[PDB]
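Starting off, we have a lone chain in the form deposited in one PDB entry, written out as structure tokens.
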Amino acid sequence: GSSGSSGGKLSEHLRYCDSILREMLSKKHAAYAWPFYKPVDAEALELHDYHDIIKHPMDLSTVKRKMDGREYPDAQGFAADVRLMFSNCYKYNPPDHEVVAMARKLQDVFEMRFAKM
């Protein structure tokens, strides 16, 4: 769609939300939105007790698939997942981690958007 995400098989709100995600997946926000572009493999990676701290991990790629299959019953469900994705980074990574400053930049946008809707 151009200058407007033509709804379709989506809740009055969802239809709009579906976009909020397509935006966060832009090369522009990537600078601080990439931290959630690739998956996480404790086995392969040399992480340190990843699962331990983060029991229910999340990632952009994940939320998308869910939104693609209309898995979300409403806007709440969709947004919910997104919220977690952040809380995770803010939990796993320390308060001195640069990634923490980047994530925010995204969250700030994810908030206003949801509001404008």
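Start at 1 and count along the sequence shown; that's the residue number.
The following text describes the form deposited with a small molecule bound, which does not appear among the structures shown.
Is residue 97 part of the interface with the small molecule in the deposited bound form - any heavy atom within 4.5 Å?
Residue-level check for residue 97: yes, a contact with the small molecule.
Heavy atom to heavy atom, is residue 80 within 4.5 Å of the small molecule in the deposited bound form?
Residue-level check for residue 80: no, no contact with the small molecule.
Residue 19 versus the small molecule, in the deposited bound form: is there a non-hydrogen atom within 4.5 Å?
Close contact is absent here: in the deposited bound form, residue 19 is far from the small molecule, nothing within 4.5 Å, heavy atoms only.
Residue 92: heavy atom within 4.5 Å of the small molecule in the deposited bound form?
Looking in the deposited bound form, residue contacts with the small molecule include residue 92, since a heavy atom lies within 4.5 Å.
Can you pick out, from 40, 75, 67, 60, the residue that has a heavy atom within 4.5 Å of the small molecule in the deposited bound form?
Result of the distance check: 40.
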